[PDB]
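Trainee: The structure that follows is given in the form of structure tokens.
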Amino acid sequence: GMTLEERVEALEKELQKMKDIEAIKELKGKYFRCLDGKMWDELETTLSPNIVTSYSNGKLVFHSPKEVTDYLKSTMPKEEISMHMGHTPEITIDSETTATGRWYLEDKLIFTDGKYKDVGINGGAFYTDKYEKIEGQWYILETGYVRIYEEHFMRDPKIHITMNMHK
Amino acid sequence: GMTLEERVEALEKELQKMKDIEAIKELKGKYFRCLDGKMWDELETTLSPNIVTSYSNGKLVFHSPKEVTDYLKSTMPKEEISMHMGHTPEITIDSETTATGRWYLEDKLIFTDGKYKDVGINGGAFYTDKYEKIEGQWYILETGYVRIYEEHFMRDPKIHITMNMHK
Amino acid sequence: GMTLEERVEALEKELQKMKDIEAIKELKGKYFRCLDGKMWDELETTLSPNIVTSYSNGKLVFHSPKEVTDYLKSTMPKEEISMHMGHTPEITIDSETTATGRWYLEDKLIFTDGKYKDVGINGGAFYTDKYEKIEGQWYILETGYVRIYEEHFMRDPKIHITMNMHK
Ligand SMILES: [Zn+2]
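Chains as they are written, first to last, in PDB author numbering: chain A, 0, 4 to 169; chain C, 0, 4 to 169; chain B, 0, 4 to 169.
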């Protein structure tokens, strides 16, 4: 049998894992919230300085938080309402400072003014993320996904958007 | 270095926080379930006796669980199917008896009979809640949100609602 | 006071409950992922050997993982895009090896080819599950639900599904 000190040490480490998992869920919650509400400075804080991830089906690859936030902002203008809704996460602590997470995303885009007015886009994806921990704080390091489906369509003009945090 | 007793005491407190967080998520799960299934008496149990929150753009303010439940019920009759779907929470334990939580809501309303038959309403919101703990039980104390968007529209009559817990 | 050894033993048990809850959430995450992505062999691993659950309004009852997976597969062919999206769980550890969970499901079916092309089905449900633990691993034992609503409808042909993991 193990000593008390040994059992406490075990509890310390096991609890740290549970704490790290909550922190990662909280991280990803912030990420979506800041993205869909276009608080770009805040969003930048969720990203590792060592970040490397890609977009436009691998056509574009970015190497810092600045670079990524700048880019997302370009694809998410005022005219575009975004909802990126995360579900049923599967988080795994790979080491004391690294982790992997799967997420299930429903997404929804609605254009209100500008050149793509009334265009609607809906879909789903299985994201897989990598995270890393730096000075006691978790950060997103890599994000990749598999598309479940994507549908593009013209919305009915007779639909009235009665409230909008962006207009 | 800390003593064993001190390290245990730390674990006791740190684990209590993790327990409180789960309890709050469970609370909010019950809240949505009871709201969307119109079990009003059950819903009343999720609310602090000391509750204070507001509605109709701050025009209406309620001061007890009775008062609030009564009100929600008035805005959620049999004729109205509601789905209030919670995502990616960010919970913070502010003290041993208080907490703050952010939630990401997609919402969906469908009217089946009555004066607004075939009306559909969809939206999203970033809720921010305050919770408090009373005799070992968590309760909702304040709820507020920012609307992402709200769309009102007429549904196609050729859609058949084949099942409905309320009719 | 309780002794140190007693306080440690308490922490061991209380933390195990929190660990079990995370495992159950992860389990259900896998279940949805494998179902919607039609990885049937993987899905079979989420199910207790002692599983017993029913379908077609109680008309059909299955007694093993093989039997169930076989069945779901029959109702979920390539032609049918499925999204079963889980929300706001309420998990309760009933014993060291059994548990109960409530889940809030939004669901969405879209048929792309075959005899039901362009048919769309949307709905919601309050699932209630039973889980059991076998050789350190959690498994789904029973699944049942209450339908919130179900809507069937013909989709507009002018909608382009631009991406699809199944085609
Ligand atoms: Zn959702």
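From the three backbone atoms N, C-alpha and C, an ideal C-beta is built for every residue, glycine too.
Would you call the region 116 to 131 of chain A and the region 93 to 108 of chain A in contact, with 3 or more CB pairs under 8 Å?
Mentor: The region 116 to 131 of chain A vs the region 93 to 108 of chain A: in contact.
Trainee: Report yes or no: do three or more beta-carbon pairs, one from the region 17 to 33 of chain A and one from the region 84 to 99 of chain C, lie closer than 8 Å?
Mentor: The region 17 to 33 of chain A, when compared against the region 84 to 99 of chain C, does touch it at the 8 Å Cβ threshold.
Trainee: Along chain B, in chain order, which residues have C-beta atoms closer than 8 Å to that of residue 121/A?
Mentor: Neighbours of residue 121/A on chain B: none; closest Cβ ~12 Å, over 8 Å.
Trainee: Do residue 82/C and residue 37/C count as a contact pair if the criterion is CB distance below 8 Å?
Mentor: No, the Cβ-Cβ distance between residue 37/C and residue 82/C is not below 8 Å.
Trainee: With hydrogens ignored, establish whether the beta-carbon of residue 85/C is closer than 7 Å to any heavy atom of ligand 1.
Mentor: Not under cutoff, so the answer is no.
Trainee: Listed in chain order, which residues of the region 79 to 97 of chain B have Cβ atoms closer than 9 Å to some Cβ of chain C?
Mentor: Correct list: 87, 89, 90, 91, 92, 93, 94.
Trainee: Looking at ligand 1, does it come within less than 7 Å of residue 89/B, judged from the CB to the closest heavy atom?
Mentor: Yes.
Trainee: Tell me which residue opens and which closes the alpha helix (DSSP H) that residue 31/C is part of.
Mentor: Per DSSP, residue 31/C belongs to the alpha helix (DSSP H) from 6 to 38.
Trainee: What's the gap between the Cα of residue 54/C and the Cα of residue 84/C?
Mentor: Roughly 23 Å separates the two Cα atoms.
Trainee: In terms of residues, what are the limits of the alpha helix (DSSP H) holding residue 46/B?
Mentor: Residues 42 to 46.
Trainee: By how many angstroms is the C-alpha of residue 76/A removed from the C-alpha of residue 4/C?
Mentor: So the alpha carbons of these two residues sit roughly 51 Å apart.
Trainee: Comparing C-alpha positions only, which one of 23/B, 117/B, 155/B, 44/B sits nearest to residue 99/B?
Mentor: Among 23/B, 117/B, 155/B, 44/B, the Cα nearest to that of residue 99/B is on 23/B.
Trainee: Rounded to the nearest angstrom, how far is the Cβ of residue 165/C from that of residue 118/B, given a contact under 8 Å?
Mentor: Not quite, the Cβ-Cβ distance comes to about 18 Å (not below 8 Å), so this is no contact.
Trainee: If you run the structure through DSSP and keep just helix, strand and coil, what is residue 84/C?
Mentor: It is a strand residue.
Trainee: Where DSSP assigns a beta bridge to residue 135/B, which residues make up the other side?
Mentor: According to DSSP, which records beta bridges pairwise, residue 135/B is partnered with 140/B.
Trainee: Quick check on the DSSP output: the alpha helix (DSSP H) that includes residue 73/B runs from which residue to which?
Mentor: Counting along the chain, the alpha helix (DSSP H) containing residue 73/B begins and ends at 67 to 77.
Trainee: Near residue 52/C, what residues of its chain come up, given a Cβ to Cβ distance below 6 Å and the 5 sequence neighbours on each side ignored?
Mentor: Cβ within range, chain order: n/a, list empty.
Trainee: Between which two residues does the beta strand (DSSP E) containing residue 106/C stretch?
Mentor: Per DSSP, residue 106/C belongs to the beta strand (DSSP E) from 100 to 113.
Trainee: Using a Cβ-Cβ distance cut-off of 8 Å, determine whether residue 158/C contacts chain B.
Mentor: Interface residue, yes.
Trainee: I'd like the span of the beta strand (DSSP E) that includes residue 166/C, first residue to last.
Mentor: Element bounds for residue 166/C: 162 to 166.
Trainee: If we ignore side chains and look at the alpha-carbon of each, how far apart do residue 73/B and residue 115/B end up?
Mentor: Approximately 21 Å, taken between the alpha carbons.
Trainee: Nearest to residue 44/A by alpha carbon, out of 27/A, 60/A, 68/A, 64/A?
Mentor: Selected option, being the one with the closest Cα: 68/A.
Trainee: Could you tell me if the beta carbon of residue 11/C falls within a distance shorter than 7 Å of some heavy atom in ligand 3?
Mentor: Among the ligands in the structure shown, ligand 3 does not appear; only ligand 1 can be found there.
Trainee: Going by the CB atoms, is the gap between residue 160/C and residue 155/B shorter than 8 Å?
Mentor: The answer is yes: Cβ separation under 8 Å.
Trainee: Can you grab the Cα-Cα spacing for the pair residue 173/A / residue 46/A, in whole Å?
Mentor: Past the boundaries of the shown model lies residue 173/A; chain A is included only from 0 to 169, so the question cannot be answered.
Trainee: Could you tell me the boundaries of the beta strand (DSSP E) in which residue 57/A lies?
Mentor: Counting along the chain, the beta strand (DSSP E) containing residue 57/A begins and ends at 55 to 57.
Trainee: Cα separation between residue 138/B and residue 25/A?
Mentor: Taking the straight line joining both Cα atoms gives about 25 Å.
Trainee: Does any residue of chain B bring its CB to less than 8 Å from the CB of residue 203/C?
Mentor: Chain C is shown from 0 up to 169; residue 203/C falls before or after that span and cannot be answered.
Trainee: For residue 149/C, which residues does DSSP report across the bridge?
Mentor: Answer is 127/C.
Trainee: Let's test the definition: count the other Cβ atoms within 10 Å of the Cβ of residue 135/B and tell me whether it reaches 16, buried, or not, exposed.
Mentor: Residue 135/B should be labelled buried.
Trainee: My guess is that residue 14/B and residue 6/A are in contact by the Cβ rule of under 8 Å, so how many angstroms apart are they, rounded?
Mentor: In fact, because the Cβ distance is near 11 Å, the residues do not count as touching under 8 Å.
Trainee: So residue 62/A is in the beta strand (DSSP E); what residue range does that whole segment cover?
Mentor: Looking at the DSSP string, the run of the beta strand (DSSP E) that includes residue 62/A is 62 to 64.
Trainee: Could you round the C-beta distance between residue 49/A and residue 142/A to whole angstroms and report it? I think they count as a contact, below 8 Å.
Mentor: Yes, they are in contact, since the Cβ atoms of residue 49/A and residue 142/A sit about 5 Å apart, within 8 Å.
Trainee: For chain C, check one thing: does any of its Cβ atoms lie closer than 8 Å to the Cβ of residue 34/A?
Mentor: Answer yes: the Cβ-Cβ gap between residue 34/A and chain C drops below 8 Å somewhere.
Trainee: What does a CB cutoff of less than 7 Å around residue 169/C pick up in its chain, not counting 5 residues either side in sequence?
Mentor: Taken in chain order, the residues that qualify are 114.
Trainee: Would you call the CB atoms of residue 78/B and residue 40/B closer than 8 Å?
Mentor: Cβ distance < 8 Å, so residue 78/B and residue 40/B count as in contact.
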